[PDB]
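This is target.pdb. It holds PDB, C-alpha atoms (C1' of nucleotides).
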ATOM      1  CA  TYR A 346     -50.898  -9.725  25.255  1.00  0.00           C
ATOM      2  CA  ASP A 347     -51.408  -7.716  28.456  1.00  0.00           C
ATOM      3  CA  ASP A 348     -48.849  -5.209  27.143  1.00  0.00           C
ATOM      4  CA  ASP A 349     -47.509  -4.691  23.625  1.00  0.00           C
ATOM      5  CA  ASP A 350     -44.438  -2.469  24.147  1.00  0.00           C
ATOM      6  CA  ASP A 351     -41.586  -4.750  23.080  1.00  0.00           C
ATOM      7  CA  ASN A 352     -39.288  -3.098  25.621  1.00  0.00           C
ATOM      8  CA  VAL A 353     -41.917  -3.645  28.316  1.00  0.00           C
ATOM      9  CA  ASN A 354     -42.700  -7.129  26.984  1.00  0.00           C
ATOM     10  CA  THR A 355     -39.023  -8.095  27.099  1.00  0.00           C
ATOM     11  CA  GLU A 356     -38.638  -6.678  30.600  1.00  0.00           C
ATOM     12  CA  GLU A 357     -41.825  -8.396  31.792  1.00  0.00           C
ATOM     13  CA  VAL A 358     -40.810 -11.803  30.447  1.00  0.00           C
ATOM     14  CA  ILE A 359     -37.286 -11.386  31.828  1.00  0.00           C
ATOM     15  CA  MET A 360     -38.877 -10.549  35.188  1.00  0.00           C
ATOM     16  CA  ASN A 361     -41.527 -13.301  35.162  1.00  0.00           C
ATOM     17  CA  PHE A 362     -40.379 -15.988  32.683  1.00  0.00           C
ATOM     18  CA  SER A 363     -37.241 -16.420  34.765  1.00  0.00           C
ATOM     19  CA  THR A 364     -36.162 -18.088  37.971  1.00  0.00           C
ATOM     20  CA  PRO A 365     -35.527 -15.923  41.056  1.00  0.00           C
ATOM     21  CA  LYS A 366     -31.810 -16.560  40.507  1.00  0.00           C
ATOM     22  CA  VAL A 367     -31.741 -14.595  37.256  1.00  0.00           C
ATOM     23  CA  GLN A 368     -34.129 -12.005  38.697  1.00  0.00           C
ATOM     24  CA  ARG A 369     -31.782 -11.241  41.587  1.00  0.00           C
ATOM     25  CA  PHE A 370     -28.797 -11.380  39.228  1.00  0.00           C
ATOM     26  CA  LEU A 371     -30.247  -8.719  36.929  1.00  0.00           C
ATOM     27  CA  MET A 372     -31.400  -6.694  39.941  1.00  0.00           C
ATOM     28  CA  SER A 373     -27.795  -6.673  41.149  1.00  0.00           C
ATOM     29  CA  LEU A 374     -26.830  -5.458  37.672  1.00  0.00           C
ATOM     30  CA  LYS A 375     -29.357  -2.620  37.694  1.00  0.00           C
ATOM     31  CA  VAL A 376     -28.556  -1.480  41.237  1.00  0.00           C
ATOM     32  CA  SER A 377     -24.824  -1.749  40.476  1.00  0.00           C
ATOM     33  CA  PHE A 378     -24.492  -0.230  36.985  1.00  0.00           C
ATOM     34  CA  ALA A 379     -27.717   1.790  36.610  1.00  0.00           C
ATOM     35  CA  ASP A 380     -26.175   4.943  35.123  1.00  0.00           C
ATOM     36  CA  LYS A 381     -22.494   4.651  36.051  1.00  0.00           C
ATOM     37  CA  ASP A 382     -19.519   5.279  33.778  1.00  0.00           C
ATOM     38  CA  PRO A 383     -19.206   2.425  31.243  1.00  0.00           C
ATOM     39  CA  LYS A 384     -15.431   2.839  31.489  1.00  0.00           C
ATOM     40  CA  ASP A 385     -15.602   2.586  35.292  1.00  0.00           C
ATOM     41  CA  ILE A 386     -17.386  -0.778  35.353  1.00  0.00           C
ATOM     42  CA  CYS A 387     -15.381  -3.896  34.482  1.00  0.00           C
ATOM     43  CA  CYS A 388     -16.851  -7.135  35.814  1.00  0.00           C
ATOM     44  CA  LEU A 389     -16.693 -10.894  35.281  1.00  0.00           C
ATOM     45  CA  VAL A 390     -19.537 -13.420  35.334  1.00  0.00           C
ATOM     46  CA  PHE A 391     -18.516 -16.949  36.336  1.00  0.00           C
ATOM     47  CA  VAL A 392     -20.866 -19.803  35.421  1.00  0.00           C
ATOM     48  CA  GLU A 393     -20.716 -23.589  35.492  1.00  0.00           C
ATOM     49  CA  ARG A 394     -21.241 -24.831  31.941  1.00  0.00           C
TER
ATOM     50  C1'   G B   1     -22.692 -41.080  35.584  1.00  0.00           C
ATOM     51  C1'   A B   2     -23.005 -36.206  34.254  1.00  0.00           C
ATOM     52  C1'   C B   3     -20.127 -31.298  34.768  1.00  0.00           C
ATOM     53  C1'   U B   4     -15.670 -28.371  34.027  1.00  0.00           C
ATOM     54  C1'   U B   5     -10.785 -27.307  32.346  1.00  0.00           C
ATOM     55  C1'   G B   6      -6.407 -28.123  29.810  1.00  0.00           C
ATOM     56  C1'   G B   7      -3.076 -30.440  26.591  1.00  0.00           C
ATOM     57  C1'   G B   8      -1.360 -33.591  22.655  1.00  0.00           C
ATOM     58  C1'   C B   9      -1.670 -36.368  18.028  1.00  0.00           C
ATOM     59  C1'   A B  10      -4.084 -36.135  13.484  1.00  0.00           C
ATOM     60  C1'   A B  11      -6.156 -35.291   8.879  1.00  0.00           C
ATOM     61  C1'   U B  12      -9.662 -31.676   5.641  1.00  0.00           C
ATOM     62  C1'   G B  13      -9.173 -26.718   4.628  1.00  0.00           C
ATOM     63  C1'   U B  14      -9.098 -21.165   4.641  1.00  0.00           C
ATOM     64  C1'   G B  15      -6.967 -16.502   5.112  1.00  0.00           C
ATOM     65  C1'   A B  16      -2.932 -13.908   3.872  1.00  0.00           C
ATOM     66  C1'   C B  17       2.520 -12.540   3.562  1.00  0.00           C
ATOM     67  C1'   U B  18       6.887 -12.583   1.094  1.00  0.00           C
ATOM     68  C1'   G B  19      10.531 -14.838  -3.085  1.00  0.00           C
ATOM     69  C1'   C B  20      11.389 -15.795  -8.512  1.00  0.00           C
ATOM     70  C1'   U B  21       9.920 -15.392 -13.807  1.00  0.00           C
ATOM     71  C1'   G B  22       7.187 -13.108 -17.563  1.00  0.00           C
ATOM     72  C1'   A B  23       3.855  -9.397 -19.209  1.00  0.00           C
ATOM     73  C1'   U B  24       1.160  -4.671 -18.838  1.00  0.00           C
ATOM     74  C1'   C B  25       0.985   0.615 -17.311  1.00  0.00           C
ATOM     75  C1'   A B  26       2.495   4.870 -15.186  1.00  0.00           C
ATOM     76  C1'   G B  27       6.349   7.699 -13.351  1.00  0.00           C
ATOM     77  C1'   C B  28      11.710  10.297 -13.726  1.00  0.00           C
ATOM     78  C1'   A B  29      16.691  11.129 -15.604  1.00  0.00           C
ATOM     79  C1'   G B  30      20.941  11.569 -18.843  1.00  0.00           C
ATOM     80  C1'   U B  31      21.740  12.818 -23.508  1.00  0.00           C
ATOM     81  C1'   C B  32      22.534  13.480 -28.827  1.00  0.00           C
ATOM     82  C1'   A B  33      21.595  15.249 -33.514  1.00  0.00           C
ATOM     83  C1'   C B  34      20.172  19.290 -36.043  1.00  0.00           C
ATOM     84  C1'   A B  35      17.459  23.590 -39.429  1.00  0.00           C
ATOM     85  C1'   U B  36      16.702  28.517 -38.019  1.00  0.00           C
ATOM     86  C1'   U B  37      17.949  33.308 -37.183  1.00  0.00           C
ATOM     87  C1'   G B  38      21.715  36.413 -33.682  1.00  0.00           C
ATOM     88  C1'   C B  39      26.327  38.246 -30.457  1.00  0.00           C
ATOM     89  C1'   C B  40      31.780  38.615 -29.088  1.00  0.00           C
ATOM     90  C1'   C B  41      36.896  37.481 -30.262  1.00  0.00           C
ATOM     91  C1'   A B  42      41.367  34.939 -33.526  1.00  0.00           C
ATOM     92  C1'   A B  43      43.560  34.601 -38.312  1.00  0.00           C
ATOM     93  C1'   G B  44      42.900  35.085 -43.402  1.00  0.00           C
ATOM     94  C1'   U B  45      41.793  37.165 -49.230  1.00  0.00           C
ATOM     95  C1'   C B  46      40.143  41.663 -51.845  1.00  0.00           C
ATOM     96  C1'   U B  47      37.983  46.706 -53.103  1.00  0.00           C
ATOM     97  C1'   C B  48      39.350  51.024 -51.278  1.00  0.00           C
ATOM     98  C1'   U B  49      43.386  52.882 -49.046  1.00  0.00           C
ATOM     99  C1'   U B  50      48.132  53.576 -51.094  1.00  0.00           C
TER
END

Now that the file is in, can you turn its structure into structure tokens?
Amino acid sequence: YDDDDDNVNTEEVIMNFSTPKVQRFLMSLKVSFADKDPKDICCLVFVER
RNA sequence: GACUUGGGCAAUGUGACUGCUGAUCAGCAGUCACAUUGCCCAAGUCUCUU
């Protein structure tokens, strides 16, 4: 209820309802693919389960 | 003991694709008969001609 912009709400909860692992993961995403060519980027995410 | 991956054996189905039969419909072709009025040649009968 501090902010009502659903974009800002989603970003805030993704930033603060999440472990530092996911925070750093998404930060690597944003610093890697901020505004690059969508055709240029082609990446894999490997997880356990 | 969780976690992950892969494979195999099952059954219960679905989605379609062709093959055959029948029916329906659209789509083309080859004809044939035959009234009507015309045209050009062949041979006939007759007026006239003679």

**Fill in**
As a check of understanding: the span from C1' of residue 3 in chain B to CA of residue 393 in chain A is 7.8 Å

**Asked** Mind pulling up the distance from CA of residue 355 in chain A to CA of residue 368 in chain A?
**Response** 13.2 Å

**Request:** Please identify every residue of chain B that has at least one atom no more than 12 Å from any atom of chain A, counting all atoms listed in the file, and report them as a list in words.
**Result:**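 The contacting residues on chain B are residues 2, 3, 4 and 5 of chain B.
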
**Message:** Between CA of residue 365 in chain A and CA of residue 383 in chain A, what is the distance in Å, rounded to a tenth?
**Reply:**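 Atom-to-atom, CA of residue 365 in chain A to CA of residue 383 in chain A, that is 26.4 Å.
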
**Request:** Determine, counting all atoms listed in the file, every residue of protein, DNA or RNA that lies within 10 Å of (-23.3, -13.6, 41.9) in the file coordinates, then give the result as a ChimeraX atom specification.
**Result:** /A:366-367,369-371,373-374,389-392

Can you patch up range 349-383 of chain A, filling it in to N, CA and C atoms, and show the result as an mmCIF file, keeping the file's coordinate frame?
data_model
loop_
_atom_site.group_PDB
_atom_site.id
_atom_site.type_symbol
_atom_site.label_atom_id
_atom_site.label_comp_id
_atom_site.auth_asym_id
_atom_site.auth_seq_id
_atom_site.Cartn_x
_atom_site.Cartn_y
_atom_site.Cartn_z
ATOM 1 N N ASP A 349 -48.044 -4.514 24.967
ATOM 2 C CA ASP A 349 -47.509 -4.691 23.625
ATOM 3 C C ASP A 349 -46.196 -3.964 23.372
ATOM 4 N N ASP A 350 -45.717 -3.152 24.311
ATOM 5 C CA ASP A 350 -44.438 -2.469 24.147
ATOM 6 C C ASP A 350 -43.309 -3.488 24.243
ATOM 7 N N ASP A 351 -42.585 -3.686 23.136
ATOM 8 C CA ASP A 351 -41.586 -4.750 23.080
ATOM 9 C C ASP A 351 -40.507 -4.574 24.139
ATOM 10 N N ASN A 352 -40.157 -3.331 24.473
ATOM 11 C CA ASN A 352 -39.288 -3.098 25.621
ATOM 12 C C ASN A 352 -39.947 -3.598 26.901
ATOM 13 N N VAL A 353 -41.204 -3.211 27.120
ATOM 14 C CA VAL A 353 -41.917 -3.645 28.316
ATOM 15 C C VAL A 353 -42.204 -5.140 28.265
ATOM 16 N N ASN A 354 -42.506 -5.683 27.081
ATOM 17 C CA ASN A 354 -42.700 -7.129 26.984
ATOM 18 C C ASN A 354 -41.426 -7.881 27.339
ATOM 19 N N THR A 355 -40.287 -7.433 26.808
ATOM 20 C CA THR A 355 -39.023 -8.095 27.099
ATOM 21 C C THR A 355 -38.696 -7.999 28.580
ATOM 22 N N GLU A 356 -38.886 -6.816 29.170
ATOM 23 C CA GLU A 356 -38.638 -6.678 30.600
ATOM 24 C C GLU A 356 -39.579 -7.559 31.409
ATOM 25 N N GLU A 357 -40.860 -7.606 31.037
ATOM 26 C CA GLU A 357 -41.825 -8.396 31.792
ATOM 27 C C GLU A 357 -41.501 -9.882 31.729
ATOM 28 N N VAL A 358 -41.142 -10.386 30.547
ATOM 29 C CA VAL A 358 -40.810 -11.803 30.447
ATOM 30 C C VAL A 358 -39.485 -12.099 31.139
ATOM 31 N N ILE A 359 -38.527 -11.171 31.095
ATOM 32 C CA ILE A 359 -37.286 -11.386 31.828
ATOM 33 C C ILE A 359 -37.545 -11.359 33.331
ATOM 34 N N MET A 360 -38.559 -10.614 33.771
ATOM 35 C CA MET A 360 -38.877 -10.549 35.188
ATOM 36 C C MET A 360 -39.680 -11.753 35.656
ATOM 37 N N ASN A 361 -40.518 -12.323 34.780
ATOM 38 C CA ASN A 361 -41.527 -13.301 35.162
ATOM 39 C C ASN A 361 -41.472 -14.623 34.400
ATOM 40 N N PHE A 362 -40.733 -14.709 33.291
ATOM 41 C CA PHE A 362 -40.379 -15.988 32.683
ATOM 42 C C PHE A 362 -39.015 -16.479 33.134
ATOM 43 N N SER A 363 -38.588 -16.105 34.333
ATOM 44 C CA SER A 363 -37.241 -16.420 34.765
ATOM 45 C C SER A 363 -37.245 -16.789 36.237
ATOM 46 N N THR A 364 -36.307 -17.653 36.601
ATOM 47 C CA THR A 364 -36.162 -18.088 37.971
ATOM 48 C C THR A 364 -35.714 -16.923 38.849
ATOM 49 N N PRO A 365 -35.977 -16.998 40.158
ATOM 50 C CA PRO A 365 -35.527 -15.923 41.056
ATOM 51 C C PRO A 365 -34.029 -15.698 41.013
ATOM 52 N N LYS A 366 -33.252 -16.726 40.662
ATOM 53 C CA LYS A 366 -31.810 -16.560 40.507
ATOM 54 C C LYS A 366 -31.487 -15.468 39.495
ATOM 55 N N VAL A 367 -32.031 -15.587 38.283
ATOM 56 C CA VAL A 367 -31.741 -14.595 37.256
ATOM 57 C C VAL A 367 -32.352 -13.252 37.621
ATOM 58 N N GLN A 368 -33.521 -13.259 38.268
ATOM 59 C CA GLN A 368 -34.129 -12.005 38.697
ATOM 60 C C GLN A 368 -33.199 -11.241 39.627
ATOM 61 N N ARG A 369 -32.700 -11.906 40.669
ATOM 62 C CA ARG A 369 -31.782 -11.241 41.587
ATOM 63 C C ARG A 369 -30.472 -10.880 40.905
ATOM 64 N N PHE A 370 -30.027 -11.693 39.946
ATOM 65 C CA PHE A 370 -28.797 -11.380 39.228
ATOM 66 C C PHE A 370 -28.952 -10.058 38.479
ATOM 67 N N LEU A 371 -30.020 -9.942 37.688
ATOM 68 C CA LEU A 371 -30.247 -8.719 36.929
ATOM 69 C C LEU A 371 -30.548 -7.538 37.843
ATOM 70 N N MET A 372 -31.178 -7.781 38.995
ATOM 71 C CA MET A 372 -31.400 -6.694 39.941
ATOM 72 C C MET A 372 -30.079 -6.187 40.502
ATOM 73 N N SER A 373 -29.134 -7.096 40.755
ATOM 74 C CA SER A 373 -27.795 -6.673 41.149
ATOM 75 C C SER A 373 -27.139 -5.857 40.044
ATOM 76 N N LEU A 374 -27.317 -6.273 38.787
ATOM 77 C CA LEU A 374 -26.830 -5.458 37.672
ATOM 78 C C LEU A 374 -27.413 -4.051 37.707
ATOM 79 N N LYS A 375 -28.738 -3.938 37.809
ATOM 80 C CA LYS A 375 -29.357 -2.620 37.694
ATOM 81 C C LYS A 375 -28.999 -1.733 38.880
ATOM 82 N N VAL A 376 -28.942 -2.294 40.090
ATOM 83 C CA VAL A 376 -28.556 -1.480 41.237
ATOM 84 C C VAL A 376 -27.057 -1.219 41.273
ATOM 85 N N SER A 377 -26.264 -1.964 40.505
ATOM 86 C CA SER A 377 -24.824 -1.749 40.476
ATOM 87 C C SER A 377 -24.391 -0.807 39.360
ATOM 88 N N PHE A 378 -24.970 -0.941 38.166
ATOM 89 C CA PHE A 378 -24.492 -0.230 36.985
ATOM 90 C C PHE A 378 -25.585 0.615 36.339
ATOM 91 N N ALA A 379 -26.540 1.103 37.140
ATOM 92 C CA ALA A 379 -27.717 1.790 36.610
ATOM 93 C C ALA A 379 -27.344 2.857 35.587
ATOM 94 N N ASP A 380 -26.588 3.868 36.016
ATOM 95 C CA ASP A 380 -26.175 4.943 35.123
ATOM 96 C C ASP A 380 -24.722 5.332 35.358
ATOM 97 N N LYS A 381 -23.887 4.373 35.749
ATOM 98 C CA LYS A 381 -22.494 4.651 36.051
ATOM 99 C C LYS A 381 -21.693 4.824 34.762
ATOM 100 N N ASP A 382 -20.414 5.131 34.919
ATOM 101 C CA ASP A 382 -19.519 5.279 33.778
ATOM 102 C C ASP A 382 -19.266 3.911 33.161
ATOM 103 N N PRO A 383 -19.540 3.714 31.868
ATOM 104 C CA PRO A 383 -19.206 2.425 31.243
ATOM 105 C C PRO A 383 -17.730 2.086 31.322
#
